[PDB]
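Q: For reference, the structure I am asking about is given below.
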Amino acid sequence: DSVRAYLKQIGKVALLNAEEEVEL
Amino acid sequence: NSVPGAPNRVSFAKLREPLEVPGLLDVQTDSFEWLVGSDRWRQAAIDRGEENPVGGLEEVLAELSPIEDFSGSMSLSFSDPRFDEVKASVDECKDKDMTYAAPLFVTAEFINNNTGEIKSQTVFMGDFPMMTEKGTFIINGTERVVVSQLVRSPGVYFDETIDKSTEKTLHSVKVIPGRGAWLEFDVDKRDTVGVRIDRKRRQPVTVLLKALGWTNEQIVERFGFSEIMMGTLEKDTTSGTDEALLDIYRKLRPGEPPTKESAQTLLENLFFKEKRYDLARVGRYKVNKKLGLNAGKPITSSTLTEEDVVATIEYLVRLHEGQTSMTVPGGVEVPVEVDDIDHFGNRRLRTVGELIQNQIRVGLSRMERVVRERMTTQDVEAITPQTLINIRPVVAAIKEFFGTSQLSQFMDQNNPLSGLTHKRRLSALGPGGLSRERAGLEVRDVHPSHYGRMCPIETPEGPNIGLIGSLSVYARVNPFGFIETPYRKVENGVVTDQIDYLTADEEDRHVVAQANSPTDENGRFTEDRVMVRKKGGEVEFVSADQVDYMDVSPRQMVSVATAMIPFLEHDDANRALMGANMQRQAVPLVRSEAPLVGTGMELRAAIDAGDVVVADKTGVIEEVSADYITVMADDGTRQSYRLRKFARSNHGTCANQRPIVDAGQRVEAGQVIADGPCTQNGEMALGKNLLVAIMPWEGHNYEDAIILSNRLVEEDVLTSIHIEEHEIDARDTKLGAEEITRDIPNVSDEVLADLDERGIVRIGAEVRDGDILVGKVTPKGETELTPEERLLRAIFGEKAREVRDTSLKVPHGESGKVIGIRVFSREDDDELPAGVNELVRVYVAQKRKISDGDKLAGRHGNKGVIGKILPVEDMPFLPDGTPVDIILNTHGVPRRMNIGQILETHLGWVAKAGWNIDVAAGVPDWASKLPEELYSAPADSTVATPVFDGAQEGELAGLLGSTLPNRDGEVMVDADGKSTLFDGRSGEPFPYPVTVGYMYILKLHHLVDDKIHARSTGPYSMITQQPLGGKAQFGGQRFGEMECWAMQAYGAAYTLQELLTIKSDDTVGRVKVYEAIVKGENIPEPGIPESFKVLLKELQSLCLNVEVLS
Amino acid sequence: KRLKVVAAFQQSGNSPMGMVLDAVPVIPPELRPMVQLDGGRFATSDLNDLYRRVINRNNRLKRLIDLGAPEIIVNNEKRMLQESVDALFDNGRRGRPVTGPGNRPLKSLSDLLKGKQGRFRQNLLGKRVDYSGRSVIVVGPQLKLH
Amino acid sequence: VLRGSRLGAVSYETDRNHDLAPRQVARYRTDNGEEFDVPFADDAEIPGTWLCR
Amino acid sequence: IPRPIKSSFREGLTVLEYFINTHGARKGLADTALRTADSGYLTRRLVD
Amino acid sequence: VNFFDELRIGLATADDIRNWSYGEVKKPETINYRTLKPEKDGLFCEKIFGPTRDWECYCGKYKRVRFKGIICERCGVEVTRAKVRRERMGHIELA
Ligand SMILES: [Zn+2]
């Protein structure tokens, strides 16, 4: 399988905390 | 002999048989009884010295148990399998198209440890197909046989190969399990030892050694004598046990860095856990025997261990080092040599039981996965075992095996011998084995270990040569799966009637003598030296002092079919194979008759085939009829046997049984009371005895052709009944349900004259090709007729029928009498497929006589097509007026090396006309060896000449010279076996005497009725516009490449063009040519074949600009 | 080694931009037909499934670009579209081929010209012809040579 | 052994250009500047917009 | 094999001589099919 | 025909592919499940690849050979023999 590139590329951004979602 | 009803067939045998031929079908019945753990097998195992034996299904259930969820909070355990009575009888299963099976029940103990509860009740595991008596499975009405599979057994196999690169003898070893991954070792040309796990990239052995925890000191201590391992250790960079795991782990997981716990436990899980690796109880035995480990006890373990892997590595190193004998700490000394994978000491036989057991295991594994998944998501302490055990996957696996597996083949019911030889067939192909297009020559060549275990003569002559064979007459299957054969034990020059069954590898430890070697009256060898087999398979002379085993009988090496051929010595193996193969193709004749000259097998092969009916208990026949026989037993019980009449076999051959007993006759238990198709008085009868004259005749018998007397057509000597089945189903469609009716659109009243009220052809009516068998119609829907058709229908005014005719019609080139109809209707709650409403099957029987082109054959591999049938008066006749029934060409005998047919011809004449040796002043010298029973015999006296103990060449001459005078008081055939025949056409006697005798000839089933094809115009395929053929009416012949080469070589252009374009593919040109022919006009020019246009379109669809220009 | 290809493109006048596709052709339906067998069960060639994928991933892309999704999504969509086209032309040239139903690879366009089955191997092996028959032979000694 | 059919049926009629259906051609132009022709029957009622090749 | 078959087909081969003849019989029967393949190969190339 | 002198194979540009086609496939569907008819713009469209029935339109408005070569104004299907479905080609303009 070659879906690993997408998983890697999306893995370079960290998850949001509860207070960042409202700000965004 | 034991068989009570044997006709008195005098025998020429001179050697006393110490062992009786075993049950020829035991290989199937014993295996199946082992699978289900029948009480007979359980008692027999105890009689063999075993303790606490476990059946095949019990083994699977015990392996499955205990189902334990992680954290160990509960468990489940299956046990105690039980079988109830079969749902329906075999005859009813065949008639109604069901599967002959019995319900299966087990008990399931569910244990809840966190509360201590225990529950259990019977669980229904489904219908299990059952092997009927005589060894077959009834699946969906059809009869099927599961052929045993010959497969290389799990174990350790060392091999050595010399390489011209350095002229060194490199060594390698493979450890192959019955389950799990593979493991192998090898020694490279650079003086190093390598390891390959699961066929991955080569790695040094020291990596594996240090993975298990070995260090420098242990390797130096144990293997320090070998330079190669020391060099590998020196070159290896590994330092520390964890370092080896560091190297190993990333190979299987490139992206995940290793962790100590998982990396260390990976090796144990991969190999050293019975969960994922298994030797299957036979690889363990072979490894113990070879490496000398753990001998002397029934090891329950089946997983790889540390000691055995290092032992295998050390064995490889010593073998390279040059040792001839080796010992292991805590083990026993063993010899050192490479392993031959073709030896039957290494190849085992999966019987039917194991083949079924594997699929049962797979189904129960799926069931286990489902149960362990679903037990985590249900109420605890309120669940019940019957509410979560799902039996669907196991039933599905069982259904798939009997339906689609390559081994579950259609029963070969061509004749009793065909079925008998099919049941005990060995197949090297199929899943888990080899394939037809691979394995080259090595797997299929004969090998010295085949003696007495697998017949070397009988085998398919096509591409499956050697891949398919027949079990020997005396051979039996070992419980582990190996083939055993019996031998007599001989002590210090005297034989002893204690018979031991030896496996293939144990025979090589002894020297075995021939069965025919003479012995004194006391059993002592009379010769000083005897011809024996050696451990290497060679045949050599040896002093009588050194022998330790002896063959049971000369027939030990031949199969059932090969044992039928008389004078087998005088026929070359190439033609003996053909003779053995043809007997399986003989069709049953209307009245069968046993051969005058035959073999003692002809009797047993008939009884063991299961086609005849035998009395179960001693008694007196009370009532006899063409349909049933009622017998009153001496114990007061009454038995009734129903005789199947004119039943259609798998290949269309009639299978009529007939009684041979009279009311009031007393019959011993096991006595034959009704013949099968190809049997007479209990003896098999595949062909006919008839008078043959060996001479060329006007060229009509040129090139293997045969000439027959018209008598064989007048008196139904070679007539046979054939039965065909025609099936039609009425289903439903979007426009409504299609129906079966007598009335159908636009058919003459005469056509539907022989149709019942329900639209089926009346039983007993004569049917000819194109006649209506079942009247059927389907809704038509939109018509929108053309204006011409509209005008025509206005001219007569006939209605536009709402339905279209799709009636079942007799195929082209068929005819016969309608002998039966079987009808299924969904309105009666039948098991018809989904969307089906009605099914009708009509049986059409015909009475085929021998005609031109029908293939005839003998028992010695001589066959040919009947080139001419002449009237009786044209046949050559003996001086007494008897015409010869058949004439065979002389030029075909001497060069084909099948002279045994001449011996059979002479002995047949000797049998037909009685003989009386003139014992007036003592027995003649040539007759000194004959038994007293053979001194005289009346006319039409059957004789037996076993395949390797039959009449000698010297006794045939005397018997020919002592034949009794004929009816008129004169001898027709001289001592040389020749007679002065008279020419039937010119009347003059032939200038020289001609060999005449009685020969047994067979009518082969290779009738060309399904091989004669003709096509002017017919169906065309949907995808490729070319005609179809080989699987439907009006098939087209394939004009191959070499035929195109011949066309081009002739310089023939127009013929090739019309063959390739008009006749085959030019869609527009076909209709034009047809109308040109019909109207009498000259044929037009061809067009462009559809193939080329499709090629251009295909190339264009692939982004290639292809065009034609000038 | 390079000069051979470079001159091959340097000659014949035709441009080298043909190696990049702004549009792809569709084979006529009857060469990839859908046929209903007796009983109503349908049978269909693999091609009309491969094309379907190319039609899907293309359309989604034409949708995804319209709303201006981030490049992390648009580039993945483009990669998917190109992989689908590559599988349509030569299935298995990428690596592990697409399988669809069952566990068998789907036949691409190239597979109809490449293997034993095809219009370049099977076409030269001749064709079945009408006005033909077959039968066993016996010796006729009374026949004249013609 | 088994049979099927395409999504349509065949017609055996023969006639040729000796029968003429009165037809006229409409002209269309697309966004990119390409132009196309479409033959319609003389019953006309030609549409204002057409999906071209 | 260093031991010849000293019995003709008229006399009748013994059990073991007949057994050893099967090696050659089977070898030839299994070989012929592959043997035709090389001739076909050469003929195809010569025609091409 | 049959006067062919040579057959040449060369690279095909987007213009050639667009010239071969009679129309582009805009939707993935093939045939409707109920009426078993080719769909409006699917892989089996009659407007693109030709009629399914000889000299008959998809909508049945024109079903006579007199209309040979006529394009149905209602749905654009050409009146011609169904054999054209073995020759007509389409294309897919991809983003
Ligand atoms: Zn329309």
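Q: Could you run the Karplus curve 6.51 cos²θ - 1.76 cosθ + 1.60 with θ = phi - 60° over segment B:707-719 and give me ³J(HN,Hα) per residue in whole Hz, x for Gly and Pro?
A: Listing the rounded values in order: 10, 10, 6, 5, 4, 4, 8, 6, 9, 6, 5, 10, 8 Hz.
Q: Using Cα centres only, tell me the gap between segment C:1-74 and segment B:220-299 in whole Å.
A: Comparing the Cα centres of segment C:1-74 and segment B:220-299, I get a distance of 50 Å.
Q: Quick check: pseudo-label points 7 Å beyond the Cα along Cα→Cβ at B:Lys1093 and B:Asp91, how many nm apart are they?
A: 6.2
Q: Still on this structure, I have one more. Going by how many other Cβ atoms sit within 10 Å of their own, how do F:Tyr58, B:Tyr935 line up, fewest first?
A: With the fewest neighbours first, F:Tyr58, B:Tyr935 line up as B:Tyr935, F:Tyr58.
Q: A further question follows. For peptide D:9-22, how many partner chain Cβ atoms fall within 10 Å of a residue's Cβ, on average?
A: Shielding by partners across D:9-22 averages 4.
Q: Right, another one. Could you work out the equivalent-ellipsoid semi-axes for segment B:552-682, taking the square root of 5 times each eigenvalue of the Cα gyration tensor, largest first, in whole Å?
A: Listed largest to smallest, the semi-axes of segment B:552-682 are 32, 18, 11 Å.
Q: Quote the relative contact order of chain B in percent (integer), defining contacts as alpha-carbon pairs under 8 Å separated by 6+ residues.
A: Taking the mean separation of contacting Cα pairs over the length of chain B, I get 10 percent.
Q: Here is a further query. With label points built 7 Å along Cα→Cβ from the Cα atoms of C:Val6 and B:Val919, find their separation and express it in nm.
A: 10.7
Q: Something else: For peptide B:332-344, compute the average count of partner chain beta-carbon atoms within 10 Å of each residue's beta-carbon.
A: Going residue by residue through B:332-344 and averaging, the value is 0.
Q: Take peptides F:15-26, B:992-1003 and line them up by average Cβ neighbours within 10 Å, highest first, as a rough protection proxy.
A: Per-residue Cβ counts within 10 Å, averaged per peptide and sorted highest first, yield B:992-1003, F:15-26.
Q: For segment B:961-1110, treating each Cα as an identical point scatterer without solvent, what Debye log10 I(q)/I(0) comes out at q = 0.20 1/Å?
A: The calculated log intensity ratios at q = 0.20 Å⁻¹ are -1.36.
Q: Hey, can you rank F:72-81, B:547-556, F:44-53 by average C-beta count inside 10 Å, highest first?
A: Ranking, from highest mean packing down: F:44-53, B:547-556, F:72-81.
Q: Restricting the calculation to Cα positions, tell me the Rg (one decimal) and the Dmax (whole number) of the protein assembly as shown in Å.
A: According to the Cα coordinates of the protein assembly as shown, Rg and Dmax are 39.2, 132 Å.
Q: Per the helix-only calculation at 222 nm, which mean residue ellipticity applies to chain B, given -39500 (n - 2.57) for every DSSP H run of n ≥ 4 and division by its residues, nearest 500 deg cm²/dmol?
A: Dividing the helical sum by the residues of chain B leaves -6500 deg cm²/dmol.
Q: Of B:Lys1063/F:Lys83; B:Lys168/B:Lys290; B:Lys286/B:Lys534; B:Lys855/C:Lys127, which sit over 28 Å apart, Cα to Cα?
A: B:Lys855/C:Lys127
Q: What FRET efficiency comes out for the pair B:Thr1055/E:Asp31, r = Cβ-Cβ distance, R0 = 35 Å, nearest 0.05?
A: Here the calculated transfer efficiency is 0.40.
Q: Moving on. As an exercise, take the mean of 1/r over every pair of distinct alpha carbons in segment B:454-587, invert it, and state the Kirkwood radius in angstroms.
A: Radius from the Kirkwood sum: 16.4 Å.
Q: Rg/Rh for segment B:765-826: what does it come to with C-alpha atoms and Rh from Kirkwood?
A: When Rh is taken as the Kirkwood radius, the ratio is 1.14.
Q: May I ask you to evaluate 6.51 cos²θ - 1.76 cosθ + 1.60, the Karplus curve with θ = phi - 60°, for each residue of segment E:12-23 and list the ³J(HN,Hα) values in order in whole Hz, giving x for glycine and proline?
A: x, 5, 5, 4, 6, 4, 4, 4, 6, 5, 4, 4
Q: Along the three principal axes, how long is segment B:558-597 when you take its alpha carbons, biggest first, rounded to the nearest angstrom?
A: Between the extreme Cα coordinates on each principal axis of segment B:558-597 lie 32, 20, 15 Å.
Q: How big is the Kirkwood radius of segment B:375-475, worked out from every pair of different alpha carbons and given in Å to one decimal?
A: 17.3
Q: Using square roots of five times the C-alpha gyration tensor eigenvalues, list the equivalent-ellipsoid semi-axes of chain C in whole Å, biggest first.
A: Calculated on Cα positions only, the semi-axes equal 46, 26, 13 Å.
Q: Moving on to the next point. Sort B:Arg967, C:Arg57, D:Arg53, B:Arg1038 so that the residue with the fewest other Cβ atoms within 10 Å of its own Cβ comes first and the one with the most comes last.
A: Ascending number of Cβ neighbours within 10 Å: B:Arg967, D:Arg53, B:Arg1038, C:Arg57.
Q: Here is a further query. Output the relative contact order of segment B:359-400, whole-number percent, from Cα pairs under 8 angstrom with separation of 6+ residues.
A: 67
Q: Please give the direction-averaged projected area of the C-alpha convex hull for segment B:898-979, in square nanometres with one decimal.
A: With every direction weighted equally, the projected area is 5.8 nm².
Q: Name the long-range amide H neighbours of B:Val803: under 5 Å, sequence gap of 5 or more, or other chain; modelled H, no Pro or chain starts.
A: For B:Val803, the qualifying residues are B:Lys780.
Q: Now for a different question. Take every Cα pair under 8 Å in segment B:404-517 that's 6+ residues apart, average their separations, divide by the length, and report that relative contact order as a whole percent.
A: 17
Q: Based on the Kirkwood radius over alpha-carbon pairs, what value in µm²/s does the Stokes-Einstein equation return for the translational diffusion coefficient of chain E at 20 °C and 1.002 mPa s?
A: Answer, rounded: 160 µm²/s.
Q: Between segment B:64-140 and chain D, what is the separation of their alpha carbon centroids in Å?
A: That distance is 67 Å.
Q: Could you quote the convex hull projected area for segment B:988-1075, Cα atoms only and averaged over all directions, in nm²?
A: With every direction weighted equally, the projected area is 12.7 nm².
Q: Once the convex hull of the alpha carbons of segment B:387-428 is built, what does its volume come to per residue, in cubic angstrom?
A: Looking at segment B:387-428, the number lands at 103 Å³ per residue.
Q: Okay, moving on. Mind pulling up the Rg/Rh value for chain F? Radius of gyration and Kirkwood radius, both on Cα.
A: Reported Rg/Rh (Cα atoms, Kirkwood Rh): 1.05.
Q: I would also like to ask the following. If the reach is capped at under 16 angstrom between alpha carbons, list the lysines near F:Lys40, excluding any in the same chain fewer than eight residues apart.
A: Filter leaves F:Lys26, F:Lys27.
Q: Oh, and also: Obtain the nm distance between the two label points defined at D:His18 and B:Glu873 by a simple spin-label model: each point lies 7 Å from its Cα along the Cα-to-C-beta direction.
A: Between D:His18 and B:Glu873, the simple spin-label model gives 6.8 nm.
Q: How big is the equivalent ellipsoid of segment B:798-881 along its three axes, where each semi-axis is √(5λ) from the Cα gyration tensor, reported in whole Å from largest to smallest?
A: In descending order the semi-axes read 49, 19, 13 Å.
Q: Taking chain B as the region of interest, what is the percent of Cα-Cα pairs per 20 angstrom bin, listed from the shortest bin to the one with the maximum distance?
A: Binned Cα distances yield the sequence 9, 30, 34, 22, 5, 0.
Q: Can you list the HN-Hα couplings for segment C:127-134, worked out from phi with the Karplus curve (6.51, -1.76, 1.60; θ = phi - 60°), rounded to whole Hz and with x for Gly and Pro?
A: After applying 6.51 cos²θ - 1.76 cosθ + 1.60, I find 9, 6, 10, 7, 6, 9, x, 8 Hz.
Q: Order B:731-740, B:491-500 from most to least packed using the mean count of other Cβ atoms within 10 Å.
A: B:731-740, B:491-500
Q: Within a 10 angstrom radius of each residue's Cβ in B:1026-1035, how many Cβ atoms of other chains show up on average? Whole number is fine.
A: For this peptide, the per-residue mean of nearby foreign Cβ atoms is 3.
Q: How fast does segment B:140-225 diffuse by Stokes-Einstein, in µm²/s, taking the Kirkwood radius from C-alpha pairs at 37 °C and 0.692 mPa s?
A: Calculated translational D: 204 µm²/s.
No Cβ is skipped: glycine too gets one built from the backbone with ideal geometry, and neighbour counts run over all protein chains shown. Read-outs: derived from the displayed coordinates by stated rules, not from any lab.
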